[PDB]
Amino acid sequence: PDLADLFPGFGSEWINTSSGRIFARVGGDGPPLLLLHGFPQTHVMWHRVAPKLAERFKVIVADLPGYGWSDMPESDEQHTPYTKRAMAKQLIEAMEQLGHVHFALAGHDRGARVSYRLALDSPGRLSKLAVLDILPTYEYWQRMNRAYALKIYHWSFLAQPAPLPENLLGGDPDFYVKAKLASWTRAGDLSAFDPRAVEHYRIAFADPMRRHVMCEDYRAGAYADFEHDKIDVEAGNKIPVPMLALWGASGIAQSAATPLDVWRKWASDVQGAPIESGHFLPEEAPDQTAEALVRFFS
């Protein structure tokens, strides 16, 4: 009644792992499908597409470790718990608590980075993989130039040593989260989002500890995550799992390169398509996004 329930019919679950609890909304029946959000959002970003997927799947809509209502494991000097390798291990443990050792996976933004790292580390856990509006972390850094440095400035700003980004973000947190939501949409304002969802994102961003977690995520993104990707690309390791890459016609991924061509170097069985949308596919273009996921996973 403070924050709205945007998943009518879904249960709420607190799933224990050795690193802390994962919060998730659970609905539907059939094969299991895990959906992962990214920055600066929570699990509620899937509220327009999850009911359509729940017609054929058991849908598990989870807050990433340290995000939303999931617990925040204590970080260290190498940002270990917020590396995508560690987040993937934690979510594998969460799914085992529900009896799911082989599942389908779709991720957006940071959640898509957890997802492809999971596929490289533990491919036997996945039946099929979908990533929304990303290229691998290694590719963003290797294509770093003037134009991309300006477009994804937050990759270098949020990775500065603590407490610099934390202190600046505290300067106007409501403004910052709303500016990020609006600036990455095709419309350029907040009119694509459900106002009740925006309230979820604004409340999460209001907590200083939650903002610190997000900075640790981006710190890992500039250091350990990049090194982990570098090992795979220099060894020629590919994702063996069937994979779908979706991206926004005016999103982030298409600024760096031709997404489907990039992912071919990283995966052996990948298909893709553009969606008429900005970065936030499931909220800007929910019907097209759900159609493409339904067809791919079934």
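Note that residue numbering follows the sequence shown and begins at 1.
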{"query": "Mean temperature factor over C-alpha atoms, higher-scoring stretch between 41-49 and 233-241", "finding": "233-241"}
{"query": "Stretch with the higher entry mean CA B-factor, where the candidates are 186-194 and 106-114", "finding": "186-194"}
{"query": "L150, C-alpha B-factor rank within chain (lowest, middle or highest third)", "finding": "lowest"}
{"query": "Chain-wide C-alpha B factor ranking for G170, given as lowest, middle or highest third", "finding": "highest"}
{"query": "Chain third (lowest, middle, highest) by recorded CA B-factor, residue given as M144", "finding": "highest"}
{"query": "Entry-reported Cα temperature factor of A206, expressed as the chain third it lands in", "finding": "highest"}
{"query": "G272 - which third its CA temperature factor falls in, relative to the rest of the chain", "finding": "highest"}
